[PDB]
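Chains, contacts and geometry: an overview
Residue-level listing of the chains:
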Amino acid sequence: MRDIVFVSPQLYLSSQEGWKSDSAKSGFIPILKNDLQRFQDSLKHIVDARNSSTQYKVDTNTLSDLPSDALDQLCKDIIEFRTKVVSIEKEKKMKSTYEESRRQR
Amino acid sequence: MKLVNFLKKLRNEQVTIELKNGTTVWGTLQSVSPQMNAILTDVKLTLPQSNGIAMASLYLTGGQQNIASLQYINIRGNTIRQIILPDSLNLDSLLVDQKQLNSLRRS
Amino acid sequence: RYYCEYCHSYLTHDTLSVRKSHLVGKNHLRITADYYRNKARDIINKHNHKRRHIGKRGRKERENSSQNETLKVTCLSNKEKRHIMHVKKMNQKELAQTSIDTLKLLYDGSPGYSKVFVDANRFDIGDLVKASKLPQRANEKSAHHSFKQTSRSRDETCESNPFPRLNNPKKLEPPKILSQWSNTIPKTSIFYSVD
Amino acid sequence: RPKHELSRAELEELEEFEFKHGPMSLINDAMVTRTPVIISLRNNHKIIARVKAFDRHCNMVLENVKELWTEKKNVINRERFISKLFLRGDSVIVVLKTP
Amino acid sequence: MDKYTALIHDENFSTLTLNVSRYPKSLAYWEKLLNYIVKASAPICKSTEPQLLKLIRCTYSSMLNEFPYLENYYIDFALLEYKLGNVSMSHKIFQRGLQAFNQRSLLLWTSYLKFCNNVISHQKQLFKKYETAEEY
Amino acid sequence: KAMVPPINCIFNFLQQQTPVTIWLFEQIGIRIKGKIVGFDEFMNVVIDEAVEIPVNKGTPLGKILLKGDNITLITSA
Amino acid sequence: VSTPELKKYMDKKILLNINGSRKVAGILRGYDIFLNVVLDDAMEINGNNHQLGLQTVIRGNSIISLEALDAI
Amino acid sequence: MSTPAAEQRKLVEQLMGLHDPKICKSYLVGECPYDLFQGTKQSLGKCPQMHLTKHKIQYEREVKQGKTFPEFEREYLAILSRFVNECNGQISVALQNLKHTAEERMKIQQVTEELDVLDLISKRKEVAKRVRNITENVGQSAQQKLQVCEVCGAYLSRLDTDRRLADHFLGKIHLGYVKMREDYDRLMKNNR
Amino acid sequence: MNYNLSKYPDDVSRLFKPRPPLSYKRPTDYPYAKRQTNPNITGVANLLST
Amino acid sequence: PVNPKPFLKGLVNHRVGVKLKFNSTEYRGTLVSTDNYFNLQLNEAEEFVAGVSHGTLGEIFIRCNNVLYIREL
Amino acid sequence: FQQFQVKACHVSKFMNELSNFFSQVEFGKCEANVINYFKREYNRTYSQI
Amino acid sequence: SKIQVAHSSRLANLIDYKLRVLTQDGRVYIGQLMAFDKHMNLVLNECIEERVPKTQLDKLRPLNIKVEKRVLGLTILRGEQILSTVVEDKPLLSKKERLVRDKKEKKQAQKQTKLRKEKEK
Amino acid sequence: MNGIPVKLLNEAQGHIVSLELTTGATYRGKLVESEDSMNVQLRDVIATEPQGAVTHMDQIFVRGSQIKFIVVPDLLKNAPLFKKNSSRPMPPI
RNA sequence: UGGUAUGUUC
RNA sequence: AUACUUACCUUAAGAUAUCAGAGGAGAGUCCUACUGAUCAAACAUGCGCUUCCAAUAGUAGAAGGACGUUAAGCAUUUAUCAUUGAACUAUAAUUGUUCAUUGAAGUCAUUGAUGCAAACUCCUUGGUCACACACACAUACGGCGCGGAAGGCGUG
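A brief look at the structure comes next. (Residues numbered from 1 in each chain as written, not as in the entry; some residues may be left out. Chains lettered and ligands numbered in written order. Part of a larger assembly, values for the part shown. Heavy atoms only, no water. Residues with missing side-chain atoms left out of burial classes, pairs and counts.)

A few points about the overall build of chain G
Inclusion rule: Elements are defined by DSSP. Helices are runs of H or I of four residues or more, strands are runs of E of two residues or more, and each kind is numbered from the N terminus. Just to be clear, the radius of gyration here is over C-alpha atoms, and the globule rule we use is 2.2 Å times residues to the power 0.38. Exposure categories follow from relative accessible area, calculated using a 1.4 Å probe and restricted to protein chains: below 20% of the type maximum is buried, above 50% is exposed, and the middle band is partly exposed.
Summing up its helical and strand segments, chain G has 0 helices and 6 strands in all. When the helices and strands of chain G are placed in sequence order, the string is β-β-β-β-β-β. Radius of gyration (C-alpha) of chain G: 12 Å, near the 11 Å computed for a compact globule of 72 residues. Projecting the C-alpha coordinates of chain G onto the three principal axes gives extents of approximately 40 × 25 × 20 Å. Of all 72 residues assigned to chain G, the portion counted as buried reaches 51%.

Overview of the overall build of chain J
Note the cut-off: Any two residues whose heavy atoms approach within 4.5 Å are treated as being in contact. In short, Shrake-Rupley with a 1.4 Å probe defines the accessible areas, and a residue's cover is counted only from the protein chains shown.
Each helix and strand counted, chain J has 1 helix and 5 strands in total. The N-to-C order of helical and strand elements in chain J reads α-β-β-β-β-β. Rg of the C-alpha trace for chain J: 12 Å, near the compact-globule value of 11 Å for 73 residues, within the 12% margin. Principal-axis analysis of the C-alpha atoms places the extent of chain J at approximately 35 × 20 × 20 Å. Every one of the 73 residues in chain J was classed for burial, and the buried ones make up 52%. Intrachain contacts of chain J at a sequence separation of at least 6 include 35% that bridge at least 24 residues. Carbon together with sulfur atoms contributes 50% to the accessible area of chain J, which is approximately 3,300 Å² in total.

Regarding the sheet that holds strand β3 (residues 29–31) of chain A
For the record, the criterion: Think of it this way: DSSP has to see at least two bridges between two strands before they count as a pair. Note on definitions: angles span 0 to 180 degrees between N-to-C directions of axes, and those axes are lines fitted to C-alpha atoms, for helices only across the stretch in contact.
In space, the 3 strands of this open sheet follow the order β2-β1-β3 (chain A), with antiparallel pairing throughout. Two strands in the sheet have a free side with no partner beyond their single neighbour: β2 (20–21) and β3 of chain A. Bridge analysis of strand β1 (residues 5–7) of chain A against β2 of chain A gives 2 bridges, and the strand direction is antiparallel. By the bridge assignment, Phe6 of chain A is partnered in β2 of chain A with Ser21 of chain A. Set on the sheet, helix α2 (residues 11–22) of chain E makes contact with β1 and β3 of chain A; between it and β3 of chain A the angle comes to about 145°.

Some words on the interface of chain B and chain L
What counts here: In the scheme used here, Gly and all other residues not listed as nonpolar or charged are polar, with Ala, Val, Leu, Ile, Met, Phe, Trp, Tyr, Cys and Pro taken as nonpolar and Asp, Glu, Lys and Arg as charged.
Taken together, the contacts link 26 residues of chain B with 36 residues of chain L. Among the secondary structure elements, those contributing two or more residues to the side of chain B that touches chain L are β3 (38–46), α2 (52–59) and β4 (68–75) of chain B. Of the residues that constitute the side of chain B that touches chain L, the class distribution is 11 nonpolar, 14 polar and 1 charged.

Comments concerning the packing of aromatic side chains
Note the cut-off: Note on aromatic pairs: the rings of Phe, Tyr and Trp (six-membered ring only in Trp) are paired at centre separations within 6.5 Å, and the planes decide the class, stacked below 30 degrees, edge-to-face beyond 60, tilted for the rest.
The interplanar angle of 45° and the centroid separation of 6.1 Å between the aromatic rings of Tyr12 of chain A and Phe39 of chain A together place this pair among those described as tilted. Taken together, the positions of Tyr12 of chain A in helix α1 (residues 9–12) and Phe39 of chain A in helix α2 (residues 36–42) put the pair 27 residues apart, joining distant regions of the chain. Their ring planes at 85° and their centres at 6.3 Å tell us that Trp30 of chain E and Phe67 of chain E sit as a pair that is edge-to-face. Taken together, the residues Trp30 of chain E in helix α3 (residues 27–40) and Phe67 of chain E in the loop between α4 (50–66) and α5 (71–83) connect sequence positions 37 residues apart. A network of ring pairs unites the aromatic residues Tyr6, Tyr35 and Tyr36 of chain C together with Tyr8 and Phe16 of chain I as a single cluster.

Some words on the packing of α5 of chain E against helix α6 (residues 88–100) of chain E
All names here are of chain E. Convention followed: When an angle is under 35 degrees it counts as roughly parallel; over 145 it counts as roughly antiparallel; between 65 and 115 it counts as roughly perpendicular; any other value is oblique.
As a packed pair, α5 and α6 sit with axes 8 Å apart at the nearest point and diverge in direction by 170°. Considered as vectors, α5 and α6 are oriented roughly antiparallel to each other. Counted together, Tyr74, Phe77, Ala78, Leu79, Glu81 and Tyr82 of α5 and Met89, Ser90, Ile93, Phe94, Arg96, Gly97 and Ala100 of α6 form the full contact between these two elements. In terms of residue class, the contact of α5 with α6 is built from 9 nonpolar, 2 polar and 2 charged.

Looking at unusual backbone geometry
Of note, the phi angle at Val58 of chain A is positive, near 55°, even though the residue is not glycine. Tracing the sequence through the fold places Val58 of chain A in the loop between α3 (44–51) and α4 (71–94). With a phi angle near 55°, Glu31 of chain H is a residue other than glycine that sits in the positive phi range. Relative to the helices and strands, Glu31 of chain H is located in the loop between α2 (25–29) and α3 (53–66).

Quick word on the pattern of salt bridges
Defined as follows: Any carboxyl oxygen of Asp or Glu within 4 Å of a side-chain nitrogen of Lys or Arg constitutes a salt bridge here.
Of the charged contacts in the structure, one is a salt bridge between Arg57 of chain C and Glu61 of chain C, with a shortest N-O distance of 3.0 Å. In this structure, the salt-bridge partner of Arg78 of chain L is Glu80 of chain L, at a minimum N-O distance of 2.9 Å.

Observations regarding the side chain of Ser21 of chain A
Residues and elements named next belong to chain A. Operational definition: Polar contact is defined as a pair of N or O atoms within 3.5 Å, subject to the rule that within protein one atom must be able to donate a hydrogen and the other to accept it, and that residues adjacent in sequence are counted only when both atoms are side-chain atoms.
Positionally, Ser21 belongs in strand β2. In terms of polar contacts, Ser21 uses its side chain to reach the backbone carbonyl oxygen of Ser23, at 3.4 Å. Once residues lying within four places of it in the same chain are set aside, the contact partners of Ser21 are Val5, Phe6 and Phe28.

What about the environment of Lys129 of chain E?
All names here are of chain E. With respect to the element layout, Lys129 can be found in helix α8 (residues 123–135). When the C-alpha positions of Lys129 and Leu113 are compared, they lie 8.3 Å apart, and in sequence the two are 16 residues distant. Apart from residues no more than four positions distant in its own chain, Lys129 is found in contact with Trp109, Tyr112, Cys116 and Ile120.

This is the structure we're talking about:
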């Protein structure tokens, strides 16, 4: 594998050979190759002590078509918006005509 | 002009059938489908001089005790390679083709 | 033309889009499930007894068998045998439907509980769970249940719930015993248990 | 022309016209002039016989069949004389007519 | 670029990998790193990159060699290898899992036999395996 | 993108006139290389400038009406 | 007569097997009522690798089955 | 057909200058309205002009690099405008039917009888009577509870959940009509 | 075997516990790579001569 | 541009060659007639076993079951 | 593999006990390169400890 | 096997007989047929598939033959890769008992149609 | 038209079945959606090659002509397709 | 001149 | 259950056994509770017909199996390749021998697989039936009881 390096602190903090490797050996942790200096600079003190809209909720439309699922959400969001607008217009007209009829009677 | 209707006029005829696997089947014809699915009774079948698949197909039909004697065998159409008729039957009277005669009279 | 043998309903010329939609609708599901349950119940409940073969028994077997003893036959009335067979049928069906579920509730605080036992983040059969949700196109089926889902995601780690005894667990269920043989339990316990 | 849109019950006349003036000119010539033909089959069973009938599936009735095959082990030729035969057109590789 | 190259050059993956390799016996770091690697492959199938599948196998092998007493993760990686097509590697993972407890762990025997009820294709071998589970 | 049916795939493959590698039946069969000029509904494909190479020294063949029942796979070389 | 249900294989990588070993892994672009399979970026896999052009069409007579290599 | 070989022969026979009246220009450009409503309940019957795949491939190859034809685009724009005008008339008829159903004679008589009895304590009694009149109006509107689809002009519902609505939006009529609206809006954006 | 995609309830699924998997053995016929008829069929010109 | 039926009606009266599926039977002769099921009728054909000849045949009827291709020389 | 223990014997008792052990046990069908497998497993286990 | 299969019977008359159907391979299926079609697709109840091994084939070539039997249960076999079918074993119940059972099925079906006509009214 | 066996194959959709191919590979899995042409699609597929080995596919789709047989579960032993004298309740005009 | 399936109100 | 909305669809045809003769309908076609012959189906019916139907005057046995045991029975056969390092037989992509680093998949099974052979046990089936524990036969066997299961032939 490229851009990888296998290393374990159990063989590095004990200061043994074979503490790093590039191949898949059982018991080693794979880290990145460019961050091995960041691994060596992290364990410095241990070595020093050793030395010293409300549409498409993705719950209903799961067993549906995966192809046209972008426009289907848009159509649902448009329908919800239209249903909200028709409700708002009805609520506005209900407090306008009846209010005028109350002013007339 | 299908000649399966020629074999439909061949009831109670004591024939042989060589199959595509290689088995020779000696028996009397009872009936034949228009898709040539022919049933036979009083049958003995033999694989001559080999093909181990044909020997397995010969033995695994019950009634072996390599001539195998069986009471009733239906044979599918695509497994029929050729069928040999008895020479005592007259082919000039069984191949009259009355359906073809009616089709020629209808023209 | 197409005819459903289950629902006893006809159809127009045989369209695959109509026939596929017919096997999804709820009436066909109910009729098919009830028919399979009743045919399985009939082939279980059919007591195909052997035809009896009684021969003229030997002489010395008759002088040995008619002199040993005569046993007593027990028998019950109609309502008693009806109630007993109904209790035996409900016991057989509740044993056929039950299963041991101790390993699911016994490894509940395990660090890999969300990767195997959750049955939705499972690898081999989790796509089958995520595929057919029964998407509840009726609004009443979604508005009926008002409880929590408690869907445990796969990303739950060991940092969450560090001490399993502080977060209140459940005491495990006792080993259940047979109610017909419940009168022979030791009535005196070994230790004093409070509450 | 498409096959399904020609006509109804007149396809037999077109089949006879293809029989008289198509690739069936050799099976027609053998059954009216009683010449022997050599049919090579899909399992080395070469048949020298005279044609008695024609079929759409090339199911052929053969009279005075002299058949021959070759067993390769070593090399032997085994023949058989069969009086009447009904050959399926599945097995037929090729049909040769002698002048 | 694929998901593997974006997984290398990502900023969070290096930090999680260094927090794992900094304290190897902190299991929550291992589980966060494993969940991040699985989250990096949101489709899990056989058509993904094998250069990332080898890293997943090395991560699971390092986690199971550092913590061999984890019962559920042998099941997890074994059914992961069963999802990835092969069963011989999954049988090897089950065998090393049962060896990690020395043939006396009920959950691994139960999951291995629920696995073996479909994959053995042999009746006498299933009976010998169930009798081994019976005697152990 | 969209759906491309096999008849329109072979039709675009005919319009573009790419170099063609046509496979056939197994070990008896021989892989042919050429350029497509005509086909039909039973996939009887007509090809030109045909060079045949056996399964792992090619010989020219000319113009060929290859029948349908032996055609296995078509690629653009 | 009936169109086969390959709609779920619309933009996913599949692997056809041909007659005992010829594993052609490609991306399904289209099909017919004859199981003729159009594959983009085909690849022959042997137990080695061989590339099979940009687009290809494969006869349904030699096609036995197909593995969905990509998740659905 | 009963055999697939005749179906493949039909595909070959229908697959194998260009400005001729036999070629359907709405299908030559793409998404003919006589094709998007073939077998549904809103079917127009059969297209009198012929449809072809080779001419469509030639038009795609010409529009890829060669050139474009504005006459077929103008004919498709006129056909889309006529179909959009017919669908807008159908939607206006559906809106007028909904307004007539909301303004029936017995319903308006019951609403006037409820409002005639609707007239501190008097304000609380008037608020309770207005709430009862709103409940009666909601019970009258819930007898049908059918909205109007803003795009396709069909009937919808507000209490219906999003899954049945998503099943409604995935039809031949709605996909075809949304595609025709997208084509009409694209042609009106290109023309204006 | 434990969790299903099936639309049927669990009482149907306990009745639909399927058969055990089939015991595989070694095949007897030739594989489809070797399935063919006979090669090297000689020409019919030898029958027309002798 | 072309189709197999006008190319095959125009292939009549030409020294054509037909290979079979078996790689040991190739018949090269003059084509006479061909139906819609593409049965072949040849005249003065020649057998070709693996390239080498064996003898002339004459008027022959090649079945479309065992053909592999037909070529034009 | 299975570990077997002998403890605290003289020479003749060692001979008699090993012969009585191998007269009752029945071996058979060993794997070919099982020696290298045991070497790798033994080295792996003692490298772990 | 002294069964004496019927001399003028076809597939509509051979139903519910324990067939011993042969295939192209020789993989013999033994079981009761319950349905067929034009392509001879046979469903097989309590079916067993028997073969012979390659080592037993040498002994079979000119005694005991150890066949390999696998159990399929209720299967449905296609009519393409089959060769021949015979009748191996007779069913459990007889022809008169099947006739009484068919009369009971006809009376039950007529009662079900009367129940559908009563529910339709 | 269609016939009893293709209706039985369309009957057991969503059930654990076992196929055998013409090559010798035996599949086993849950049937997704069967067709009249028997081109059947399976899920959670376990496969046995004719060489002997065992593998696992996720979503297979086999063509109907390359199938030796398929095994349905045993509760379809009793099916109304098997009834010989089932009458027909008033087909529509 | 119709069929199948699904969602609301009585 | 009524009332309404939505999603999909709205149909390959022709015919019901064959041959001969007579009559009718404006060479060809149709009909005859028209006539003779063949064939098919159903219901009855008989052929000294063909095959089978398990002791009880014992503690058995016939057919089909065990996806049962002894049985890890006895006799055989296999359990990955490549580069390099320290020697090396050596025409190979160092094949062969001992040890190892690395690289791609990597059936489980070696208590495995094949062949051989005996014993024990258990499952499904029956007329487990009516008289008697008896001296017949070269035209080899009185098939001349009540039935049942499978089949052949013949008649209405």
